[PDB]
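A short write-up of the structure that comes next.
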Amino acid sequence: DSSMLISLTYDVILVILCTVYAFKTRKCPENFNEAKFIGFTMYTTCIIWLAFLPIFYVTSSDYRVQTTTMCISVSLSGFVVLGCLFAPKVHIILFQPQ
Amino acid sequence: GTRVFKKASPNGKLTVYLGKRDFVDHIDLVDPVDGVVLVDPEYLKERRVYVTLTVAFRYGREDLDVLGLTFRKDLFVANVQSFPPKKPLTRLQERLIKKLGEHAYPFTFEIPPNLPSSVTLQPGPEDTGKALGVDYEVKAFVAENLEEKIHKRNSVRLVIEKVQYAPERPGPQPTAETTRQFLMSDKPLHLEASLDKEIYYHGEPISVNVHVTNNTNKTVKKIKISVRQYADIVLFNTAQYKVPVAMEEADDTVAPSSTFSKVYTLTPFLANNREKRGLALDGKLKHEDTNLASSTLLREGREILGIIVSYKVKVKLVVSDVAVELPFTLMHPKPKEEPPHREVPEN
């Protein structure tokens, strides 16, 4: 777990930088406020990572719960990345093509 | 003694006469586009001639141009049947009818308020097409209604400019202040800035009084005073375009727990900003490279239409940073006779 966290600290800093950049430019109206969706995605990704990483470290007692948390974290991160950014874009593309 | 501007078709006898090339607005009312057309009796069944006033709006950015898309829309299109095979006339129109003859068919357009002024974005060397911005055009079609296609020979295209002038009331002078608390205990830094006036004419000097009160543990390195121009693009949700048309950096430092007042002179002009692609400038007819875009006045109690141009003097002090903005209007005054709308010395 310590080695995994050491490997993932680069991605943690990467997410922190992305969230900072998203917060810096939040009110960009391009593509129907795409910056707002990007910022929301970054905020909720930071929230879920902050709520997951200590949980992942502390659930080392049982392998089943550790693996479940590891899978659920990345799965929900993928669903966030899809449904907070591409989903409004897909809805505008398909449901409102005018 | 009065004179008008005449535009003639390449072929046939279709001449459009307009009294003035600038149709200004007074917020409450807009000067009507009044003109006349002479058309020879060369038609048998197509006894209908139409005049269209189009407030076209085009936009293109460097990234968009590279990608291959340029936004285009028609903000307001008005069609008037010039030939009546009601509608009060004016003295100028009556004089034009009397001088031209019986064939002089009048046409009058009442431009609705809350419409953007004629402002054209400055195009780069790569751009060689239609001018980017809001352009007002009058097009005369000698064809059976709008069903038939537009013919270049028949249609008469003339570019008109709708511009606003400085208001009678100068308005309160800008005075912007900002106090910042540093992270090191409670050490306040105070910045204040003021302008000589609120309404500014193009080419006139701008005097900014800046006063700094340092009660901190740091010394200000440099002071950057700039004249930012903002071009809000309501349509297509385009991001705001911000461009520094003039800048001045001062290396003077202010000691902590001390006061320092100074005056700075900034005179925006187009010669230094000629290389800034996408900059908004006054309306153009045949690429005369007019002055900077006059800051539109949103006196209406405020609609998201067209391009909204504004100017703000920004003062920034480093050692994060303290930034303050003072809005001001850079608009032309009312000309005595008329705006020539071209380089008065042609060569």
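Sequence positions for chain B are given in Swiss-Prot numbering; the residues included correspond to 5-89, 94-309, 312-329, 341-368, in order.
Each residue, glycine too, has its Cβ placed from N, Cα and C.
In sequence order, B:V150 are the residues near B:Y47 (phosphotyrosine), counting only same-chain partners six or more apart with C-beta under 8 A. The feature phosphotyrosine is assigned by Swiss-Prot to B:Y47, with similarity to another entry given as support.
As annotated by Swiss-Prot, 1D-myo-inositol hexakisphosphate binding site applies to B:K250, B:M255, B:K324, B:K326. B:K324 (1D-myo-inositol hexakisphosphate binding site) falls within a strand when secondary structure is assigned with DSSP.
Residues 24-26, 169, 171, 173-174, 291, 293-294, 296-298 of the same chain sit 6 or more residues outside the compositional bias 'Basic and acidic residues' (B:355-366) yet have a Cβ under 8 Å from a Cβ within it. Sequence annotations record features per position, and here Swiss-Prot assigns compositional bias 'Basic and acidic residues' to B:355-366.
Surrounding the centroid of the Cβ atoms of B:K250, B:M255, B:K324, B:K326, where the record places 1D-myo-inositol hexakisphosphate, the chain contributes additional residues within 8 Å, namely B:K232, B:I233, B:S234, B:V235, B:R236, B:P252, B:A344. B:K324 (1D-myo-inositol hexakisphosphate binding site) counts 18 other C-beta atoms within 10 Å of its own C-beta, drawing on all protein chains shown. Note: the compositional bias 'Basic and acidic residues' (B:355-366) comprises 0 helix, 0 strand, 12 coil (DSSP; helix = H, G, I, strand = E, B). Each of the binding-site residues B:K250, B:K326 was scored by other CB atoms within 10 A of its CB, and the lowest score goes to B:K250. Largest Cα to Cα distance within the recorded 1D-myo-inositol hexakisphosphate binders B:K250, B:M255, B:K324, B:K326: about 16 Å as a whole number.
In sequence order, B:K232, B:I233, B:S234, B:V235 constitute the residues six or more apart from B:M255 (1D-myo-inositol hexakisphosphate binding site) in its chain with CB-CB distances below 8 Å.
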